[PDB]
Amino acid sequence: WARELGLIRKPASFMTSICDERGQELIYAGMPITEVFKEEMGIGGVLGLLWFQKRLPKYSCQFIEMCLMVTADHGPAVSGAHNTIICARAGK
Amino acid sequence: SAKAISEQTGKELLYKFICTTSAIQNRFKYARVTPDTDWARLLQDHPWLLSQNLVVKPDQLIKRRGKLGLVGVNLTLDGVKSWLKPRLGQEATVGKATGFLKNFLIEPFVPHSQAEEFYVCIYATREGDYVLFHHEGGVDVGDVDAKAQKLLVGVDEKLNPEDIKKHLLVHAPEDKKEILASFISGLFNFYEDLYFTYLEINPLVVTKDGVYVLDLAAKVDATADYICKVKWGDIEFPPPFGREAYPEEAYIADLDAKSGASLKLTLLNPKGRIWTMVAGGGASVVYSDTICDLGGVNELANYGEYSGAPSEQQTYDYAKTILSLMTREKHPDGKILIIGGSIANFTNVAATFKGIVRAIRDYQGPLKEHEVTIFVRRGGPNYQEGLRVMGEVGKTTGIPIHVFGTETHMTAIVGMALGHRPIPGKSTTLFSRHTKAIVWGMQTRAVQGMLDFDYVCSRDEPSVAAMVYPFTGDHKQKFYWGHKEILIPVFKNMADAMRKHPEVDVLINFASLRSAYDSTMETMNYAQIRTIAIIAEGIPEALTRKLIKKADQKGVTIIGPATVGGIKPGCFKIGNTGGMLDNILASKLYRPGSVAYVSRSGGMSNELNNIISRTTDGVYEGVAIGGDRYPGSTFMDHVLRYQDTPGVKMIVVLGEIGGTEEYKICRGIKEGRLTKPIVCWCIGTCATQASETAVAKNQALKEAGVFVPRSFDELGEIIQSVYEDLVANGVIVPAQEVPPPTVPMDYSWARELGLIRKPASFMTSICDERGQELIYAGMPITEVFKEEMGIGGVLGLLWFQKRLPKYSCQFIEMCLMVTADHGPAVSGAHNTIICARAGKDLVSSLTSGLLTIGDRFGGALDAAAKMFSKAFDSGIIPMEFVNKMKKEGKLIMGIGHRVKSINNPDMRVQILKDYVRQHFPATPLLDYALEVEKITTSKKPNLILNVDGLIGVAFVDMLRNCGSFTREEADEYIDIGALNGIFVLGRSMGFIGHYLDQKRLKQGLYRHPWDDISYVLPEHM
Ligand SMILES: CC(=O)SCCNC(=O)CCNC(=O)[C@H](O)C(C)(C)COP(=O)(O)OP(=O)(O)OC[C@H]1O[C@@H](n2cnc3c(N)ncnc32)[C@H](O)[C@@H]1OP(=O)(O)O
Ligand SMILES: O=C([O-])CC(=O)C(=O)O
Ligand SMILES: O=C([O-])CC(=O)C(=O)O
């Protein structure tokens, strides 16, 4: 109630610039989620908006998706997938 | 701070650290006699006492010892013994000072002529060091300026011995020229390199044999001790010679140095009725001056002082020791206590006065008996609550307490204490609206006050451009600009802050008293800086003289050191002057006025702000030059800087005792340069060179042509009088009072006063990090260690919040050590070894191993505990329970081992089972599980209780069988999962051991074999 009337200041920590959950609709960098879907940007587009806060061009977003899909798996004998299979096989 | 040292230590370090080509005799030849020590030990450790003649002087800082006949010359050992029979240990006087004569210093007497003596006196001034030498022996050395040779040697300047032979040895005899020139050069090198302030050697016996010293006076720069811990040794600062110390005074003295707050007290007349319990040093000084001026000079009991925001126990001890001191005797006119002081900067007045009312309500009885009266006047942040609680305790305890704030004069309560009134290229513009500054160090409170002052003055831009801190990286600090969040960039180095902000002309150095010199020298290499305000206090005087010399060479104005800063209302504020915005809006410092003041102590600047706000229009610019005796900017520079400024109409100067600083103002008024009206008043009379006292300075200024008030009571009156006399000439027009912008309150400040509620989440009951010491459940950590409880004790305090008995804590440790590891082939240890072998740290490897612990791996503890608890609580016999588990199609978990079956026990099940049998008081559930394994071993011999089942059933048995558990909490921690915490905390030991083992064996990254996979992928998708 005393911050609604604006007669107090509290030092606000937790500075962030990647999401605006309040208001009407979700804003990633400066653009709403409906403009994200209307401009037909891919998952590389939301990595551009969330990680770099910039609207990357279409070839950059498609390359980010492309370098995500080759990174997707390299078998179970690698060490992290071995850890995943061990932890999943122990009922977790 | 120049402190006089004992001459014994002075000549000890003189003989220790002299550097000359000549030979200096009497090497370690001195002795000390006190009434405590004997004479046989001093004779046996010093066999040289029977060689030559002896001489004795009092070693208690007594000036003119030979004139009053307190020296024993040309006497032998029993001669000086019989000389010290009627003198050692009792009352003696010199000048005005009378006191106990305690210490005596004894030297080998040198038979000397009147022509072999020499006079040397070297000391520090502002523009350099004075060297005074006279060649004619004895006390009769004549004038010190014409016949005796005087030398100005500069700062950071080498003294050539050729100059000593040229100028210091004009009238000196030719036979002792080179030896005395070498001695003078060595004495100057010693004086410079060990950082003294004053040396005087009146007898200097320079014979053909060598040079002897017989008596000397030495004052050292005591603030340079951080340079000279190793070269002073155990330095000694003797007190001035006088009366002894009272036990209350000694109690105040040794509670003074145990904190970062000044708690001083000195008594004048112990039977007086006017008392001093006063914050702020200048406030106590002007209170003593006004009491001695109003006729209470023979009645002023003491001057006391509490500054630097002392703690509640500190002010409680000080108040009980000073309020238990007028209760010894009474007065026919009553007794008066003054809770006085200036305006506090940031100290909460209400908490200090809560300590005051607790200390008074402890001793209200003798105060009512002795008929005392309390006069209270303070101010600052939240003094309304303090005056209200003094009024409440006055109405409650019956003691008449008369309370005022900043609306009255700060000293006028003294005016009704005796009943005298009825009781109701150096630039002339330092700062402007375009002025930016760089703050050196983490002083975010000061920067926030800076930005608040800039916001309330309707200024468009913040005056803090950057912050410099070498101990952190380049980042940004989040501050307030009114309501808005802004970012001030914090830089590691100074060079990038100077490159990125070329508009900065002010640097405010918040460095310590021993890192300010190098930071100021680094600042002055940049030509954009026109002024540096050095806040730190403690800086040695030679480094300050070097700062002054480079400031005169570069034209940079240095405000300080030992200052709070300087305030220009409407343009800029330095550091912590004024305080927070309570005092700024109280003193109307958001708009410029027409009065400019120069003061020395920063504590009187707040009361000068209050006086100028109340009596006259307001402050245009106010600079406190600092309490150091070598100021970077003097009075005279600031007075000409105001005189060159056309904005001011009058200058108020508040000097103090000592220094010829405003005789320059006197002679500049007589020269006609200073035409604007000046109101000046000298604090520090203390009449309880003759031109250094405040009263002679006062009528010196009065017949100089200055409106000097008679006392501090009429200072605001004479300022108001000259204001009303000067507005009649039509030069001062009062501007229209524009209301300032209003900042919102701070959240921590408004929660300190308790006028807000915030819903506090994050409820916890397992640790109390605040306060004095760590509290786990309700007991401190020292009681944890004193009762000798183990790690099971702190699991009892942290997990269950209960002091478990000794067998329960030892059993918790016991069930932790069997759980510690079970090899690497288990699944979690495999995860730990895999993650540790892939180059990860301890946290990631232990974490990736711990995340395997679930229902299949390590889940037998909690599930076996719940299974046997639900079996025992439902009243089912073990024979029916085994059949019920068999015909439900699931195994009894916690029962069944692979290899170790019958007369081959698990050997850690056995130890835990035995400890539960002798040490637990009652075991229903363990006996139930024993009956279940007696059935299942009759089924198959390897179906014994596992360690995972026995720890579970014995842990439930411990919780529901021992004390302090109320039979829902013993069944609650099982449901929450306290069995899982036992397993994970135990197995973390083995997992960290696995990490350390796989990192110590230095094994590279693991990849599984392809022949142990058997891929079953579909043919084509
Ligand atoms: C009546 C009136 O109110 S008027 C006031 C008149 N006088 C004054 O204004 C004096 C009051 N202020 C001061 O004197 C203070 O010194 C201030 C305001 C300059 C601040 O100084 P401080 O806080 O003492 O020093 P600072 O915070 O820099 O730290 C002291 C030392 O700790 C060192 N230090 C800090 N943290 C660590 C650490 N973790 N490990 C090792 N050293 C450390 C700092 O580097 C610094 O070293 P230095 O002395 O070589 O610089
Ligand atoms: O502002 C300052 O430095 C003085 C201060 O906090 C106090 O002790 O009241
Ligand atoms: O705790 C478990 O359930 C697994 C284990 O350590 C074992 O192999 O005995």
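Residues numbered from 1 in each chain as written, not as in the entry; some residues may be left out. Chains lettered and ligands numbered in written order. Part of a larger assembly, values for the part shown. Heavy atoms only, no water. Residues with missing side-chain atoms left out of burial classes, pairs and counts.

Regarding how it was determined, this PDB entry cites cryo-EM in its header, along with a resolution of 2.97 Å.

Caption draft 1: Focus on the site of ligand 1. Residue and element names in this part refer to chain B. Close contacts around ligand 1 come from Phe-471, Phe-510, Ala-511, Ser-512, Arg-514, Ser-515, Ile-535, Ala-536, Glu-537, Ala-562 and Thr-563, and that covers them all. Between ligand 1 and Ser-512, the relevant distance is 2.7 Å, taken from an oxygen atom to a side-chain nitrogen or oxygen of the residue. Interatomic distance of 2.5 Å between a side-chain N/O atom of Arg-514 and an oxygen atom of ligand 1. When ligand 1 sits alone it has 1000 Å² of accessible area, and the protein chains cover 42% of it. The residue makeup of the shell around ligand 1, split by class, is 6 nonpolar, 3 polar and 2 charged. (Near = heavy atom within 4 Å. Polar contact = N/O pair within 3.5 Å; in protein donor to acceptor, adjacent residues only side chain to side chain. Areas by Shrake-Rupley, 256 points an atom, 1.4 Å probe, with all protein chains shown as cover. Nonpolar A, V, L, I, M, F, W, Y, C, P; charged D, E, K, R; others polar.)

Caption draft 2: Just the sheet that holds strand β30 (residues 595-599) of chain B, in detail. All names here are of chain B. A sheet is described by the order of its strands in space; here 6 strands give the open sequence β29-β28-β31-β30-β32-β33, paired in mixed fashion. Because the sheet does not close on itself, it has two edges, and the strands there are β29 (572-573) and β33 (678-682). As paired elements, β30 and strand β31 (residues 619-624) share 5 bridges and run parallel to each other. Counted as the bridge partner of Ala-596 is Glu-621 from β31. (Pairing = 2+ DSSP bridges. Helix = DSSP H or I, 4+ residues; strand = E, 2+ residues; numbered from the N terminus.)

Caption draft 3: Examining a nonpolar patch on the surface more closely. Residues and elements named next belong to chain A. Where nonpolar side chains cluster on the molecular surface, the patch consists of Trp-1, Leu-5 and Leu-7 and spans about 420 Å² of accessible area. Secondary-structure assignment places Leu-5 in the segment before β1 (8-9). Assessed through its relative accessible area of 52%, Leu-5 is described here as exposed. (Patch = residues over 30% accessible without salt bridge, like charges linked within 9 Å, V, L, I, M, F, W, Y side chains within 5 Å. Salt bridge = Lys/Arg side-chain N within 4 Å of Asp/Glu carboxyl O. Buried < 20%, exposed > 50% of the residue type's maximum accessible area, 1.4 Å probe, protein only.)

Caption draft 4: Structural context of the interface of chain B and chain A. Between chain B and chain A, the contact holds 36 residues from the first and 25 residues from the second. Together chain B and chain A conceal approximately 2400 Å² of surface at their shared face, both sides included; 55% is due to carbon and sulfur atoms. In this assembly, chain B and chain A are joined by 2 salt bridges. Across the pair A:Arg9 and B:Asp746 runs a salt bridge, and its minimum N-O distance is 2.8 Å. Our enumeration of links across chain B and chain A arrives at 13 residue pairs in polar contact. When residues of the side of chain B that touches chain A are traced back to their parent elements, those giving at least two are α14 (444-456), β23 (475-481), β24 (484-491), β34 (745-746), α24 (747-752) and α28 (827-837) of chain B. Per-element tally for the side of chain B that touches chain A: the top contributor is α28(B), with 5 residues. (Contact = heavy atoms within 4.5 Å. Buried area = accessible area lost by both parts, 1.4 Å probe.)

Caption draft 5: Unusual backbone geometry, seen in detail. All names here are of chain B. In this chain, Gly-560 is followed by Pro-561 through a cis amide linkage whose omega measures 0°. Checked against the element boundaries, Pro-561 lands in the loop between β27 (557-559) and β28 (566-568). One non-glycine residue with positive phi stands out, namely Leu-61, at about 55°. Within the secondary structure layout, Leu-61 lies in the loop between β3 (53-58) and β4 (72-75). Note on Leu-61: relative accessible area 26%, which makes it partly exposed. In this structure, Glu-788 is a non-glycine residue whose phi angle is positive, near 60°. Counting through the fold element by element, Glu-788 comes out in the loop between α25 (781-786) and α26 (791-799).

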